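Below is one structure, written out as structure tokens; the observations come after it.
Counting starts at 1 for both ligands and their atoms, following the listed order. Numbers restart at 1 for each chain; the letters A, B, ... are given by sequence-line order, proteins then strands.
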Amino acid sequence: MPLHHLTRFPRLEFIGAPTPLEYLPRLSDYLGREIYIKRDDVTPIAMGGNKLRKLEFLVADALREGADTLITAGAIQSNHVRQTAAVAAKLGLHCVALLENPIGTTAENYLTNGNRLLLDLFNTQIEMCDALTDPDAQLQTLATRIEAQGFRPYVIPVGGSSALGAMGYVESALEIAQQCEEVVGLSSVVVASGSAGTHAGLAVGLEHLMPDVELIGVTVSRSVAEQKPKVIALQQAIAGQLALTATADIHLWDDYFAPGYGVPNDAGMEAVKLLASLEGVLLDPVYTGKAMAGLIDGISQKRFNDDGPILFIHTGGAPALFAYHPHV
Amino acid sequence: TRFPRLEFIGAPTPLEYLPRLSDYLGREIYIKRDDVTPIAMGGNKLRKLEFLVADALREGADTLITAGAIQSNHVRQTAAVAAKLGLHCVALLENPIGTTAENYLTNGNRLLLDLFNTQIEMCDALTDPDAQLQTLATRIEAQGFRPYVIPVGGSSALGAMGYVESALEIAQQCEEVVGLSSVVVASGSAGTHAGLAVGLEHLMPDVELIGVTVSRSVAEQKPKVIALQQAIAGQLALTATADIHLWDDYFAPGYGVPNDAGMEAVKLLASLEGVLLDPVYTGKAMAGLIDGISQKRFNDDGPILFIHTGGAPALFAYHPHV
Ligand SMILES: Cc1ncc(COP(=O)(O)O)c(CNC2(C(=O)O)CC2)c1O
Ligand SMILES: Cc1ncc(COP(=O)(O)O)c(CNC2(C(=O)O)CC2)c1O
């Protein structure tokens with residue numbers, strides 16, 4: 001009942017059936033607690049990820065406007081850009097990507113392989129910038145010049161993280177609650193927290209469907225201080241768009257992303273090696289490896305509410321493995 | 001259903017209309033998304049591993065042993081499954097093209113092998129794969145492990161049962177939504193081809209199955225597919241009378257080397273549909289499908305189903321060149 005205003009928003013279908021929610025018996029054995037995983041890395045468009053959920057809503061909205069071009073921004077190895085470009089090609093929309101190099105690498109695989117490779121396959125128009133210092137303004141500058149060519153453009157923010165985009169993860173929460181019914185009583189849910197729409201959609205959904213479940217966002221780019229107001233605004237705007245309130249507090253851990261966004265760290269790469277070796281599951285150096293390292297330290301240091309089951313949201317990211325090898 | 005099987009896939013994989021590609025080609029083209037199986041970037045081999053690794057467990061094996069190219073998709077999938085189950089994986093690898101290109105050597109599927117803690121054994125050539133795996137199975141057993149051997153591509157009669165299963169999905173998914181005329185799959189180690197051959201003969205007898213070869217001539221390949229076809233049919237107490245159809249014009253200059261038509265097929269599907277093929281298998285098979293339209297080489301000009309057998313992580317190994 002509580003989330004029924006969701007059907008008011010037009011949406012496309014890119015996924016179809018609920019993504020798998022699987023027990024991780026070997027990781028659970030090693031960690032000493034029940035770990036489950038939500039497999040949003042297996043969404044069926046061009047190597048999947050958390051963004052296909054958001055794009056179902058955003059692109060549906062783009063088409064309502066009669067738009068024929070999608071314009072977004074991110075890192076050279078951004079998964080969002082890649083899923084956006086894939087969806088654009090699929091629909092015969094044009095796509096324009098404002099890309100940056102957030103880490104100052106000159107490594108050829110970072111510059112040319114992985115997610116950046118696939119963008120050329122989708123015929124993405126690539127616009128390089130020194131830095132995404134003001135992505136929203138920079139995207140509007142780009143859309144103006146693109147509009148001048150006669151294109152009918154639609155601006156998708158970094159990570160598709162607007163209140164409309166985040167509706168995909170309100171919907172994920174409905175899936176998750178449905179799959180967990182009578183099978184597992186969850187205590188905690190862990191997801192990486194970057195552009196913030198995934199965290200925020202899940203925050204709203206879980207508050208209304210699974211009140212007593214603790215949602216933990218592991219930051220990938222920012223301190224709790226910088227990040228919390230970003231999640232809160234989406235949460236609040238999302239709630240209002242669904243005619244609900246949201247009084248849940250937002251929870252964030254920021255101890256797992258140093259030296260900074262897009263830079264691999266030891267605990268992240270050890271989490272990647274753990275999931276691969278024990279579960280045959282592929283994480284990534286930027287997002288999920290670092291999120292999972294937070295889950296692990298969280299168990300180690302007893303940072304969760306209790307000792308009960310934890311759901312890790314696999315938000316994708318694997319193609320970046322190939323861009324980060326051998327280094328930088 | 002008389003064979004023990006492990007659950008690696010679950011729900012039937014999508015079967016989709018490809019409207020933009022259909023528009024461009026002037027033919028109705030559908031796709032079977034076996035690239036979207038949920039284990040370590042998927043592929044056609046997981047269908048086979050459901051039967052093969054179930055068999056391994058029945059024998060109380062603690063180690064999976066298989067063979068392939070450095071960038072073999074099958075090796076990668078076997079290792080992922082091995083990891084997931086707490087089995088050791090030993091892989092026998094060759095460099096089938098003599099490249100020194102770093103991405104082919106260490107990126108793509110070969111990078112994942114290290115993540116899955118795969119024990120890597122290098123060999124000069126897989127000249128007799130069945131024999132060399134058996135020599136390796138002896139060595140590893142001598143160290144105190146209990147190995148189970150999986151052939152190249154897991155293409156035994158038992159493994160190919162995965163693709164008789166796939167046919168069931170296809171048959172259910174295609175009716176009533178279309179009036180299919182032709183099916184196209186890449187034909188390599190022959191497990192995927194022969195399994196679909198048995199299944200489609202019985203389930204959709206009016207459809208033409210075409211295997212585009214990726215490593216051999218029609219003369220070298222046809223007995224391979226026919227033999228598996230007969231072996232599979234026997235173990236299911238069925239008779240398989242149907243012809244095997246093979247086109248071999250689409251893989252020069254050899255296995256694991258990309259060609260222009262294949263890369264143009266990779267580009268075409270990515271740009272028109274947001275679908276990713278690969279330089280070794282599906283790209284070359286799709287090029288075969290496209291040329292069949294220009295040369296009017298299909299039995300009739302009706303709907304075609306392409307079987308996406310996976311392969312995409314190879315893109316990252318093959319870039320920027322080999
Ligand atoms: C695999 C993966 N996991 C988690 C996240 C974090 O999600 P949010 O951006 O919704 O907070 C991303 C985001 N990535 C960004 C991108 O540009 O790709 C949006 C920043 C992701 O790609
Ligand atoms: C993506 C992809 N597509 C098609 C095929 C051909 O299937 P068959 O081997 O069943 O004929 C492979 C094979 N795999 C090879 C490997 O070593 O990876 C020869 C097995 C494949 O990986």
Side-chain angles (χ1 to χ4, degrees), chain A residues 40-41 48-51 53-54 72-75 77-84 102 115 157-161 165-166 168-169 191-202 217-221 227 230-231 234 261-262 283-284 286-288 290-291 313-320, chain B residues 34-35 42-45 47-48 66-69 71-78 93 96 109 151-155 159-160 162-163 185-196 211-215 221 224-225 228 255-256 277-278 280-285 307-314:
Chain A
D40 284 1
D41 61 311
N50 60 341
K51 303 298 166 184
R53 292 195 187 273
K54 313 218 209 332
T72 200
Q77 290 304 328
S78 158
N79 301 297
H80 171 77
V81 177
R82 180 255 305 157
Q83 291 170 266
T84 300
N115 284 311
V158 162
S161 294
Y169 271 79
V191 57
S193 198
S195 72
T198 304
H199 192 160
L202 287 168
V218 178
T219 65
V220 291
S221 64
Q227 182 78 358
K230 277 168 200 308
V231 178
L234 284 164
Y261 178 70
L283 307 180
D284 80 285
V286 179
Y287 294 107
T288 56
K290 296 185 173 180
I313 311 302
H314 199 165
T315 46
Chain B
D34 285 2
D35 60 313
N44 63 332
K45 297 304 151 182
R47 284 202 188 273
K48 306 190 178 61
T66 204
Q71 289 300 323
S72 161
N73 299 296
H74 172 255
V75 177
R76 178 255 300 164
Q77 277 159 280
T78 298
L93 268 36
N109 292 302
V152 171
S155 284
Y163 270 87
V185 75
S187 194
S189 60
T192 304
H193 195 171
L196 292 173
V212 181
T213 73
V214 306
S215 63
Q221 185 81 339
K224 285 181 185 273
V225 183
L228 262 170
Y255 175 67
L277 304 188
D278 87 279
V280 181
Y281 301 99
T282 58
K284 293 186 160 171
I307 314 297
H308 197 162
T309 38

| task | Could I get the full list of salt bridge (charged side-chain N to carboxylate O under 4.0 Å, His left out) partners for A/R82, not counting sequence neighbours? | result |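 A/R82 satisfies salt bridge (charged side-chain N to carboxylate O under 4.0 Å, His left out) with no residue once adjacent residues are dropped.
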
| request: Check each protein residue for a heavy atom under 4.0 Å from ligand 1 and list those that pass, ordered by chain and number. | output: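 Contacts of ligand 1 under 4.0 Å: A/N50, A/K51, A/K54, A/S78, A/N79, A/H80, A/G159, A/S161, A/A192, A/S193, A/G194, A/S195, A/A196, A/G197, A/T198, A/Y287, A/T315, A/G316, A/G317.
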
| Got a sec, which residues hit side chain to side chain donor-acceptor pair (under 3.5 Å) with A/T72, two or more places apart in sequence or on another chain? |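 Side chain to side chain donor-acceptor pair (under 3.5 Å) list for A/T72, sorted by chain: A/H80.
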
| Considering all heavy atoms of both residues, which atom of A/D284 and which atom of A/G317 are nearest to each other, and what is their separation? |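 Closest heavy-atom pair between A/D284 and A/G317: CB-O, 3.2 Å.
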
| Do you know the tightest heavy-atom contact between A/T288 and A/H314? |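 Smallest heavy-atom distance, with atoms named: CG2-CD2, 3.6 Å.
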
| task | Tell me, please, which residues at least two apart from B/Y281 pass ring-ring contact (aromatic ring centres under 6.0 Å, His included). | result |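 ring-ring contact (aromatic ring centres under 6.0 Å, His included) check on B/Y281 returns B/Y255.
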
| To the nearest 0.5 Å, how far apart are NE2 in B/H193 and OG1 in B/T213? |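 It comes to 10.5 Å.
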
